[PDB]
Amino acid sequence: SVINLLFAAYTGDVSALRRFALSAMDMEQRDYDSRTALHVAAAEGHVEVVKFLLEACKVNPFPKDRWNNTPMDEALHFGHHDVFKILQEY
């Protein structure tokens, strides 16, 4: 569910993301702005969420939102340098 997934990313709720992924939720679904859970996590600087999505869920690391920004662009824009460097590995 878009509401549940992207809000869980927004609040850093790794436990909820895990329940969703285990239940086979598509962790790459997008909202009306073409945003992903990874975009939102990276914009908030949620390191553990970003690592979970990338490593355990294998999500696309470079989705493009409606402004053509990637999660890495968002991390740099909002000052989350640790998240930025995590995404750099990809």
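All residue numbers refer to positions in the sequence shown, first residue = 1.
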So where's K58 on the chain's Cα temperature factor ranking, which third?
highest
Pull the Cα B-factor of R35 out of the PDB entry and bin it into the chain's lowest, middle or highest third.
lowest
According to the PDB entry, is the CA B factor of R18 in the bottom, middle or top third of its chain, that is, lowest, middle or highest?
middle
Relative to the other modelled residues in the chain, which third contains the C-alpha temperature factor of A41: lowest, middle or highest?
lowest
If you rank the chain by CA B-factor, which third does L5 end up in: lowest, middle or highest?
lowest
